[PDB]
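Examination of the molecular architecture
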Amino acid sequence: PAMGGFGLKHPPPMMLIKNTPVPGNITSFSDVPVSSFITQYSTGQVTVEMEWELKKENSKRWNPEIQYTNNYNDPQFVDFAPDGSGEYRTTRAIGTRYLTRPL
Amino acid sequence: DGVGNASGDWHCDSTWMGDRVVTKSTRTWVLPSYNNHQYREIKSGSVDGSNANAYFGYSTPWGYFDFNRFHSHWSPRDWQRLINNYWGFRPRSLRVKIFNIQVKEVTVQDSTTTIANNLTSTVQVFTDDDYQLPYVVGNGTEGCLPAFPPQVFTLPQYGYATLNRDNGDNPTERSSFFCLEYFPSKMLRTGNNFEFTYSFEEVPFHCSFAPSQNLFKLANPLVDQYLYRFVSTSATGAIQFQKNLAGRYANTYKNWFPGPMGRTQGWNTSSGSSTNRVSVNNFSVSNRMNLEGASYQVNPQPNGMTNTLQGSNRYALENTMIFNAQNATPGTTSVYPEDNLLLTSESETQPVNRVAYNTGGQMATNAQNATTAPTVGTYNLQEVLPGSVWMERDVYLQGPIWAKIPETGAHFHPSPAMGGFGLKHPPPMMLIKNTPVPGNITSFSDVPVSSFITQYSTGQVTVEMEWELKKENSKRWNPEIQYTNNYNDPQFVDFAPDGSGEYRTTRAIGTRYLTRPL
Amino acid sequence: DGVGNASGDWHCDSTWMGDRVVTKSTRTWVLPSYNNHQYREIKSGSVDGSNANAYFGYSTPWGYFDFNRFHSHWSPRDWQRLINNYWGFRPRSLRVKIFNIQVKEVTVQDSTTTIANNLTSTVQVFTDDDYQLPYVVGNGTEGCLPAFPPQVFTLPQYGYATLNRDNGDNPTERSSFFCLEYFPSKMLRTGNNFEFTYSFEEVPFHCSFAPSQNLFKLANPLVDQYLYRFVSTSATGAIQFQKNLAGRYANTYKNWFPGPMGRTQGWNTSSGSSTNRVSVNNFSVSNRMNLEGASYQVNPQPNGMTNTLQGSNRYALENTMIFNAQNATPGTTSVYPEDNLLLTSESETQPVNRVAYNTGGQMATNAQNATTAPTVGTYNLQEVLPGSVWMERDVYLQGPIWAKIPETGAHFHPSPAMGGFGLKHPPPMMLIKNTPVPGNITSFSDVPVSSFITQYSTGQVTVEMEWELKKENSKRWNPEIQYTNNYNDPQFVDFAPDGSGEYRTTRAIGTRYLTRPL
Amino acid sequence: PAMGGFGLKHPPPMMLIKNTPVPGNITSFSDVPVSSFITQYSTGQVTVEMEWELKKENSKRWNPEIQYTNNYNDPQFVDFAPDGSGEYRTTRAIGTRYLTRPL
């Protein structure tokens, strides 16, 4: 995929969900479908647990490498954490390419 | 399990069984929805003219259970029955349990609030077993199970201060944010109950006995010492000696030394108010330590001293623990006189610890020649010396049980300045919050929902501790001192509710009543 | 083991056994002490007026063994015996061995050099099995076991270029330094020997056959096609069709397409020198790719083309592999004419690959209306299309065997532009150096010693490969073309030493002689 | 120890070494010890293999931590690597306190 990630022939199934409808006060027959419904909404919890496989790095590089570090100067707030109002802040886009390898 | 079936019973008793006593306390709590289910970055700049009051941290939507006060496990009559008969004790086990939960949905619709109970709402609960979160339980903070069983209490809100920068309200690159939802909790609906058990590491007993011998009067007062002492110099500069007679403890050779000391100031209580200097703001003239460029008051100073000398009204107030008879409301900045305040006194230690308002001693300031005379210089602070002995602060019914020792790596004699037991792995913190239930949302928005139904929860909490006791075996002949209900012209009964139903407690009961020959 | 006992024998032969041939070659090497036992940071700025020549890297004190040329395993007569009888081959195993080592101590004392042999000196040796070091073996670099067994060779010095900054001689934060002493070597004194074995992954055979059918003449030339083709438009704009007759391959419908192509320029060899344009510096007018803001010449271009059209003297020199008959010395910047140079020709592929100096084809540039006429536009480059077929470059006796595929993650058709087999895990690199022996030091100094005894080492190296062959089973009637020793008026024998003892090789023997019906 | 490290009651033994002396050409008895020696020196290899025990970090910190990173600007040379002449360079003193822990 042009946007990064893993291309899959059979990716994780789509999980759809909806609130089964409950009719309002109907009082007479009509071969026409009922259109009066009680307004409802649902809430709940969802837990998703993934397992990943990792590829250990085994380099014989001598000098030190580059790492992703929390390098800010004169921080007025902590990144990746909620601010005064309770809104989550994220000022950086952390990628994945930090370690190196001799081509 | 079920809605119409109780999750647990109310157990609240004590059971003495020889060298062990098991206490049990149940209480009703109430948990508000703090911070509307959000995390807020709380911060403060220098207040009161002291940049030590400047912090940076986070307030969470969680509340916690605190069982770190003695009067949450002991009744005044079971405390008394302990301090009059044993030489020490130490906690052995713990076993908390939460049950009979009830979530209520509040609604202010139409300027009129209607409290209905939600049967499907949950409550989240987890114990921090590995000590991965900032511990806030052992710092003398309010919010513990009330002293009186009938009383219902609100759980306090969790929050913590993390590293701030240059004594300001800004963070450093090391300031950390802990997400509590990132821990595996357990969810409870009205029919469920939570259980948790723990066992203390070996800790040394607390010593609930006072010494009946002065540390510098351990020698026999009938026999003399076979040691001599330099007493003076003759006109010929020749040094002269004299034998150490019997009963002359001012001159005997000693083997052990009193413990650490740091002079504080002493103020006279009521009787002597006249003597105290008038109108003094202590802050400017108090004992303070500096940490990162800020001055913090170190009350109640390190262990090894006695705030008062038995028989006097003078007090080393900064070396004292001061509680309050009548419980107070949050945010009170009112100035109170000594009356309704319980000033603890550690004088049953005077035989071994030094007074905190006197000079610790005198030592030499120079070297005497055929010219210069010998000079001495009194010192105000002396720290630990090899071969010194002291007694630790005492515990009170209204005081803290344990404290967590900071895991820095190096420390000396881990005993909290406020009394209690210092522990490497203290009883886990038990957090709890009301799982949020969204209001009427009607459309997608990648923005998080902010409309919530207002709810609160109630329930019961039973905490059962087991203690180990150290039996007293003294061959004292005459009778000892006991803690007794000695009041004169009682207008009310102490440790009991008054006319309105408010619990009264006019005394601070300590632990040092029995004695022991040093 | 012992000083006066040989570590190994000299095995050098070939052994054909059906579908397998095992070759064996032994050679004598010499290892200098490079960089006086030190690591140096080598770097260059833009040279020749091209910042692509600007690098930054490290030269180490190690030397390595390179067996990546065919004539290091095959004699000219065993090569010939292979390309005349088989349809392909591929390597199966490898087994190197170093023995009969001898370290010599050189001394120039008194303006006179005396070579004595040190019996206690060692030699260090390790193979990079996990590919943790920069691979430098498969890049057409000199330093491989000589072609002729009698010849003694010096091992080349190891070194590598790492990331440089902005096409300059400075490093980036990602530039890496690899310490080779940080690998577990094996030490050898005169009586020891080193062994090492390896086995290639499955790789597809090389196809040593030329096609005997044009790709666009696969249809039967007697039968017509049942398909029609738009031939023209009538005066009424009405489209007209016509059937595809037999033998008219210009118009038949095809099923397969030739492969990729990228036009290079074509230059006429001697015979036609007159035609070539006079005095042209190719650099400015060559095929080049840009990588990080620098222009690199991409010789010999990607696979899928033929540098020449059989029967002509014109050559696509940038799509050609050019070797040298008479081996040359390091640092030579002399300009050479075609004479003593072996220009390889890939024309036995012309039936399937396109010429590199002609336009690849024509396609449409617009849309015809009642106004505009149909227009075509010749293209110079076309990459891979679905349903295309091509033949890979051929291998030569004097050319490379394998190449290492860069482990970036994504790649298409891993076949090295210089021919050979592309491998994910190619034969490990075998490094070797002379363990240093300090001069006369006489006092401590936390500074490393820089005075060393000058030494060099000699020894033998045997490398035995096993190859798999693909038997030819053709039902061709007439005789085929073979590689034959066809010289006229020979003044010397080829592939043999001349009067002085120098090995001659006037031909570049390829591999495509046999044929196959497409 | 005031200089850091581990204080030990029985630290790794000291390993001493010297070149056994070889006398020069002596030619007659003398109850006096010989003082004429052949000048010599020795060379060799030394391998030292230590085993260390590590304490895994298990923090529930959310935001990212600080790491030791190869953060240089306009590098004229690579650190922790030999320069043009072959001399090893080291411009930084790497310590050990990077991760954090709630007191």
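The numbering scheme restarts from 1 for each chain and tracks the written sequence of that chain rather than necessarily the entry's numbering. Residues without coordinates are not displayed. For naming, the first written chain is A and the first written ligand is 1, with later ones following in the order written. Every figure given here refers to the displayed chains, which form just one part of a larger assembly. For the side-chain quantities, the full set of heavy atoms in the structure was used; hydrogens and water were omitted.

- Method of determination, as annotated in the archive: cryo-EM, at 2.93 Å resolution.

- Per the PDB entry, the recorded name for chain A is Capsid protein, and the organism is Adeno-associated virus.
- Here the PDB entry title reads "Adeno-associated Virus Go.1 at 2.9 Angstroms resolution, AAVGo.1 AAV-Go".

- If you look chain B up in the PDB entry, it shows as Capsid protein from Adeno-associated virus.
- UniProt positions are given in the numbering used here, feature names are shortened, and annotations may be inferred rather than shown by experiment. Checking UniProt for chain B, the heading Subcellular location (unreviewed entry) contains the comment "Virion".

With respect to the environment of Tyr 55 of chain C
Residues and elements named next belong to chain C.
- Put simply, DSSP H or I for four residues or longer makes a helix, DSSP E for two residues or longer makes a strand, and each gets a number counted from the N terminus. Along the chain, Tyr 55 turns up in the loop between β3 (40-43) and β4 (56-65).
- It is 23 Å that separates the C-alpha atoms of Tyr 55 and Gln 301, two residues lying 246 residues apart in sequence.
- Whether two residues are in contact is decided by their heavy atoms, any of which lying within 4.5 Å being enough. Setting aside residues up to four positions removed in sequence, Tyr 55 forms contacts with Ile 42, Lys 43, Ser 44, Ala 161, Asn 164, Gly 168 and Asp 169.

So, the relation of the copies chain D and chain A
- Each copy is brought onto the others through a least-squares superposition of its C-alpha atoms. Aligned on chain A, chain D shows an RMSD of 0.0 Å; the corresponding rotation is 180 degrees and the shift along the axis is 0.0 Å. These values place the two chain copies in the arrangement generated by a two-fold rotation axis.
- Same-surface contact between copies: 100% of interface residues of chain D are shared with the interface of chain A.

Considerations on the interface of chain A and chain B
- The partner chain B presents 18 residues to the 17 residues of chain A that form the contact.
- Here's the idea: put two parts together, see how much 1.4 Å probe accessible area each one loses, and the total over both is what we call buried area. Roughly 1,400 Å² is buried in total at the junction of chain A and chain B, and carbon and sulfur atoms are behind 49% of that figure.
- Interface area lost by chain A to chain B is led by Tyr 41, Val 78 and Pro 82 of chain A, which between them contribute 34%.
- The rule for a salt bridge is simple: a side-chain nitrogen of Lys or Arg has to be within 4 Å of a carboxyl oxygen of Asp or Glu. At the boundary of chain A with chain B, the tally comes to 1 salt bridge.
- Across the pair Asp 74 of chain A and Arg 165 of chain B runs a salt bridge whose closest N-O atoms are separated by 3.5 Å.
- What qualifies as a polar contact is a pair of N or O atoms within 3.5 Å, subject to a donor-acceptor requirement within protein and to the restriction that residues adjacent in sequence count only when both atoms come from side chains. The tally of links from chain A across to chain B stands at 5 residue pairs in polar contact.
- The classification used treats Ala, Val, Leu, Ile, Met, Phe, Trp, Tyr, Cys and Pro as nonpolar, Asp, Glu, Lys and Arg as charged, and all other residues, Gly among them, as polar. Class assignment for the residues of the side of chain A that touches chain B results in 8 nonpolar, 7 polar and 2 charged.

Points about the pattern of salt bridges
All names here are of chain B.
- A full pass over the atoms with the stated rule returns 22 salt bridges over all chains.
- With its nearest N and O atoms 3.8 Å apart, the salt bridge here joins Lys 43 to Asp 169. Highlighted residues: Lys 43 in strand β3 (residues 40-43) and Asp 169 in the loop between β9 (157-162) and β10 (186-188), separated in sequence by 126 residues.
- Accessibility here uses a 1.4 Å probe with only protein chains present; expressed as a share of the type maximum, an area under 20% marks a residue as buried, one over 50% as exposed, and anything in between as partly exposed. Judged by its relative accessible area of 25%, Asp 169 falls in the partly exposed class.
- The network of salt bridges with shared partners includes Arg 90, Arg 92, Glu 202 and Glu 468.

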